[PDB]
Amino acid sequence: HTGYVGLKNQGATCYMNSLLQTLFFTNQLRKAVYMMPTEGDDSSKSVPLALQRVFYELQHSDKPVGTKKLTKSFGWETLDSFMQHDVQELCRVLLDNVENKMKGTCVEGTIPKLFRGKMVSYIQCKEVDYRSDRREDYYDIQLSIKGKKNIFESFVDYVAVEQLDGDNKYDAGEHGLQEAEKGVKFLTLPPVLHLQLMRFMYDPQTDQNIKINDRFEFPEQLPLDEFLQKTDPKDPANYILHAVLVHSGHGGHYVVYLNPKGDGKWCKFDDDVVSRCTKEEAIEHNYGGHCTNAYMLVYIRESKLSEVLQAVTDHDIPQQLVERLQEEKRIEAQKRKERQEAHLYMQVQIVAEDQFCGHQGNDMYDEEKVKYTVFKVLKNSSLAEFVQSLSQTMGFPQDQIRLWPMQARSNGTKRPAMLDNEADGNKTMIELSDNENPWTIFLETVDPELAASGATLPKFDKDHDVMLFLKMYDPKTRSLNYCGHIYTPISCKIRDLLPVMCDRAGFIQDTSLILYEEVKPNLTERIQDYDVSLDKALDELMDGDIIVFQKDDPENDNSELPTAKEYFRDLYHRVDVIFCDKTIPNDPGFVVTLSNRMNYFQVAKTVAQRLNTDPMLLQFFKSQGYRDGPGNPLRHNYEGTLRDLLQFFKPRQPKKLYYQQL
């Protein structure tokens, strides 16, 4: 009913869409494609079956047709896998493919029948009698456009005889070097003529990739009778224009104009929208004129078009295809259903206080090492419902638990932070997560030792209390110790918390303590006045803030790392980096421990101690970052630091620099 159907434009498929429609409306070819015995073939790797699928859906679908399995099928998936090849290469790919799959069937030899033409490449000597000929079969013709006005002129140029003169002489076997002519002449022109215009070429010294938008004309009706060796009455070489393929403007948007019926009723096929157009919009408007411009044309022989554009109906398609493809469509329908179910649920990752114990770095834990209890939960389900689900699964009373969602902060520290169960209990999980795809929540419980007895998690005044996390630094062992969390009124003076810090650390009451806010990695700010409220003591006080404390003792000074400040500083600089020998390909390399604040001299000196060698006999190479492999050489008067060099490495990605000896 609703006219013609379009293709979707999926990524950088590009000219593929334009080309498919052009082949689909070559009806003789299409009917033959429907005959290919594909019932035994692989669904997503059979190019013949994939192309059959596209044609079937082009013929039947109300919705634009996908090339999801087809692009996979012939193996050009990535954005530029197309940009690599030209249209004519894709044409021979698909045509050769179906041609060979029809061998052993009733529709064998359809592709030569429709597209094969014959041409002679010849050389003939002037003075001596010698000739050298070459009979060649073509499935298309490439026509030059620069210097030209119309396609008639490009055909005059293509048949043009070339003169072999002084210093270009032709060596004709025994006769030797002689003056000669070299010509190209067409023996036959097929029912379907593909003409590729040389709009753009990879001509360097001007540009690796380019475009020629200069004006270039082509007719509705093309007479070729004069460019053939042989002519025959009732079969002239008069051709009707069938298709016009177009590009505009880097790449740019591809679109195609066809008159499927051969009756001059043209349509603009721009991917998913098809529309009717005038002949001007198909031909006149795509000549150049300096934008949008025609790069490939398809003509059909005036006698042959009744055959070539045979009417096609549903029946011309075997039930072997109909039923198979319809089952594929049911499958895809399930897959769509599965996918939309999976989109409705979210993943909540619960972490418990045990996971915080023993962590030696900044923040609560290590992202790569932490162990979660995970829950699939409806995105639109309630908080209270999840709290019951958690309490049932985990084995707790709801009044003995509290959820603190892990909130990633502005300065790049991830920490537990408050949720008001009282006010936010009725909201959805997905809105409460602010769409964090996997929800990460810290689960506070009552000390299980007290759980048996009368023990509920205490009241938390969301306006006037804060939850802080405590960490004890030991200089002697240069280690961190998680000392749990506490609730406290904000108005509390830091001093009033010292007794409990001492106690959790196993220190003696009235032990003299140095306190720091662990703010951010490499930022460990000393709390200088203990007699002020938490509010004044910390800057920007917040649930999930961390205080690190240590004994104030002369003995600290004898350690490598006397303070928690120095500890965290060292933790932030200490970097292990892999050194790979550039001269040994597939070298895994060897790791060295360095500091992000090391200069060239220090880096080289250090690696040279490891390789027995002189630093002057090491040449290092800069990283290309996300692209693997060595980059430009590292000059020995490089001013920056190891930090500056490694900044293109991704966080989870391990670091490596390439080098060589001298």
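For this deposited structure, the header cites X-ray crystallography as the method used and 3.40 Å as the resolution.

Engineer: Would you mind showing me how to read the environment of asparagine 437 here?
Structural biologist: Within the secondary structure, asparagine 437 is located in the loop between α15 (429-432) and β19 (438-445). A residue is classified by how much of its surface remains accessible, and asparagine 437, at 65% relative accessible area, is exposed. Excluding residues within four positions of it along the chain, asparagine 437 makes contact with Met346 and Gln347.

Engineer: Looking at this structure, how should I read the pairing of strand β23 (residues 523-526)?
Structural biologist: Looking along a regular strand, one sees side chains alternate from face to face of the sheet. Pairing of strand β22 (residues 513-520) with β23, which is carried by four bridges, proceeds in the antiparallel orientation. Paired with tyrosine 516 across the strands is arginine 526, a residue of β23. The antiparallel hairpin formed by β22 and β23 contains two residues in its connecting segment, where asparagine 522 sits at a positive phi of about 55°.

Engineer: Please explain the sheet that holds strand β28 (residues 630-634) as it appears in this structure.
Structural biologist: Neighbouring strands of a sheet are bound in pairs by backbone hydrogen bonds; such pairs are parallel or else antiparallel. The strand order across the open sheet built from five strands is β26-β25-β29-β27-β28, with neighbouring strands paired in mixed fashion. Edge strands, defined here as strands with exactly one partner in the open sheet, are β26 (590-595) and β28. For this sheet, the mean angle separating the axes of adjacent strands, direction not counted, is 40°. One ladder, built from five bridges, connects strand β25 (residues 574-581) with strand β29 (residues 655-661); its direction is parallel.

Engineer: Explain the packing of aromatic side chains here, please?
Structural biologist: Each aromatic ring pair is specified by the distance between its two centres and by the angle formed by the two planes. For the coordinates displayed, the defined rule picks out 36 aromatic pairs. Relative to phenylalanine 460, the ring of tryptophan 404 lies with its centre 5.2 Å away and its plane at 80°, an arrangement referred to as edge-to-face. Pair noted here: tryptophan 404 is in strand β17 (residues 401-408) and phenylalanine 460 is in the loop between α16 (448-451) and β20 (465-474), with a separation of 56 residues, a long-range link. We note that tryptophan 404, like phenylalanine 460, is buried. The structure contains a cluster of three or more aromatic residues connected by ring pairs, namely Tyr15, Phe74, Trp76, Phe82, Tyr254 and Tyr295. Here the basic side chain of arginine 30 rests over the ring of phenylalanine 24, its NZ or CZ set 3.7 Å away from the ring centre. For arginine 131, the ring lying beneath its charged end belongs to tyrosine 122, and the centroid distance is 6.0 Å.

Engineer: Would you take a moment to explain a positive patch on the surface for this structure?
Structural biologist: A surface patch of like charges, here positive, comprises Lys63, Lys68, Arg336 and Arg339. Along the polypeptide, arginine 339 turns up in helix α11 (residues 319-344). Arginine 339 sits in the exposed class, given a relative accessible area of 52%.

Engineer: Explain the pattern of salt bridges to me, please; I cannot follow it from the model alone.
Structural biologist: Opposite charge on two side chains makes pairing possible when the charged atoms of those side chains draw close. In this structure the tally under the stated criterion is 31 salt bridges. Across the salt bridge formed by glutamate 162 and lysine 182, the nearest N and O atoms sit 3.6 Å from each other. Of this pair, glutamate 162 sits in strand β4 (residues 162-164) while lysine 182 is found in strand β7 (residues 180-186), placing the two residues 20 residues apart along the sequence. Note on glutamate 162: relative accessible area 41%, which makes it partly exposed. Assessed through its relative accessible area of 36%, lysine 182 is described here as partly exposed. Among the ionic pairs, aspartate 366 bridges to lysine 369, the shortest N-O distance being 2.7 Å.

The rules behind each value
- Residues numbered from 1 in each chain as written, not as in the entry; some residues may be left out.
- Heavy atoms only, no water.
- Residues with missing side-chain atoms left out of burial classes, pairs and counts.
- Helix = DSSP H or I, 4+ residues; strand = E, 2+ residues; numbered from the N terminus.
- Buried < 20%, exposed > 50% of the residue type's maximum accessible area, 1.4 Å probe, protein only.
- Contact = heavy atoms within 4.5 Å.
- Pairing = 2+ DSSP bridges.
- Axes fitted to C-alpha atoms, helices over the stretch in contact; angles between N-to-C directions.
- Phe/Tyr/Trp six-rings, centres within 6.5 Å; stacked < 30°, edge-to-face > 60°.
- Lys NZ or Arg CZ within 6 Å of the ring centre and 35° of its normal.
- Patch = residues over 30% accessible without salt bridge, like charges linked within 9 Å, V, L, I, M, F, W, Y side chains within 5 Å.
- Areas by Shrake-Rupley, 256 points an atom, 1.4 Å probe, with all protein chains shown as cover.
- Salt bridge = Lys/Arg side-chain N within 4 Å of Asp/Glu carboxyl O.
- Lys, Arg positive; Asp, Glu negative; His and termini not counted.
- Charge placed at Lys NZ, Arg CZ, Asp CG, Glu CD.

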